[PDB]
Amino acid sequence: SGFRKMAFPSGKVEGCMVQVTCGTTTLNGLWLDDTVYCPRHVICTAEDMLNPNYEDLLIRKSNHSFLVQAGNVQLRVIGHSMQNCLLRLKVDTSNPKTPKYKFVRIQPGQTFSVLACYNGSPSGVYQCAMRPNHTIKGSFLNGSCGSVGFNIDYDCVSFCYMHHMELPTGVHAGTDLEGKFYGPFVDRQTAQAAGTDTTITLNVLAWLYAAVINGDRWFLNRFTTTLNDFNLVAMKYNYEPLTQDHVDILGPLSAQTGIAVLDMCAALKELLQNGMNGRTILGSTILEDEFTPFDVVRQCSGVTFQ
């Protein structure tokens, strides 16, 4: 019993973290096989963070311009290239600790674990969701660029995020492991802002199923709704529209709890309209939107507490 945001155990990714230094800049990198990946802004200098031209900043770099440090050991750089907003440095050595891994591009509303690192040294791990506005609400201080986000299935690490920037509202922006940003952001210190965000409807509904699977039914009601009517109320509250795909995704949870998805929507549409005020759901006031239906299945019992 219990329901907690939880991260994947971080050990397979700790054995991949290194420190990359170019000049007086040090930031984190990710060593997998014989390659180190890191934000290309490692090559910026203090005086040009506004409009760096990376292609031009890089052609002035050689292999011995980069030092890669793994533990107390120095990795020799034997080639480099840029890929989108990342650099790929070839090192002497293949990392004995490389796990099975994939690189994947996570989709808004999905969740992943962040391993926050400074100077190549892991300091903490936490779960977060890719927001609909393509930023994440992370927790990162100076030196965290290069920290990665990932998910793990069986023995395989699916890397999905490398950290790059913080935006004025204190939320965070970064790229996939091919160096393509999430969202419209760019790796320069020019004014950028997160676009308005929206609540992730699919996740809020999932988390209502988890509350029920765990034993709470208080927020239910005897009413049903049309997808279309629900979506009218969602607009008003700044929720993403619910699509039939989202409804189908929620099938297994609906089946385990015996509550039809559109009955759960009417319950949400009543929480939205009438408030919670006085009562929590799984320890929370505020409808929580950072758990996927997959995260609820992974973590809850397969047997409903009826």
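Sequential numbering from 1, following the sequence displayed. Between two forms, the rigid core is the largest collection of C-alphas that superpose within 1.5 Å.
Undergrad: State which stretch is farther from the displayed form on average in 8 other deposited structures of this protein, 141-149 or 175-183, counting RMS CA distance after fitting on the rigid core.
TA: Stretch with the larger root mean square C-alpha distance in 8 other deposited structures of this protein: 141-149.
Undergrad: Select between 254-262 and 271-279 the stretch whose C-alpha atoms have the higher average B-factor in the entry.
TA: That would be 271-279.
Undergrad: Comparing 43-51 with 56-64, which stretch shows the greater average C-alpha B-factor in the deposited entry?
TA: Result of the comparison: 43-51.
Undergrad: Could you place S284 in the lowest, middle or highest third of its chain by Cα temperature factor, using the values in the record?
TA: Highest third - that is where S284 ends up once the chain's C-alpha B-factors are sorted.
Undergrad: Can you tell me which third, lowest, middle or highest, the CA B-factor of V73 falls into for its chain?
TA: CA B-factor rank for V73: highest third.
Undergrad: By the recorded C-alpha temperature factor, relative to the other modelled residues in its chain, which third is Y209 in?
TA: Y209: CA B-factor falls in the lowest third of its chain.
Undergrad: Which third of the chain does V296 land in by C-alpha B-factor: lowest, middle or highest?
TA: Answer is middle: the recorded C-alpha B-factor places it there.
Undergrad: Tell me, lowest, middle or highest third: where does the Cα B factor of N119 rank within its chain?
TA: Its C-alpha B-factor belongs to the highest third of this chain's values.
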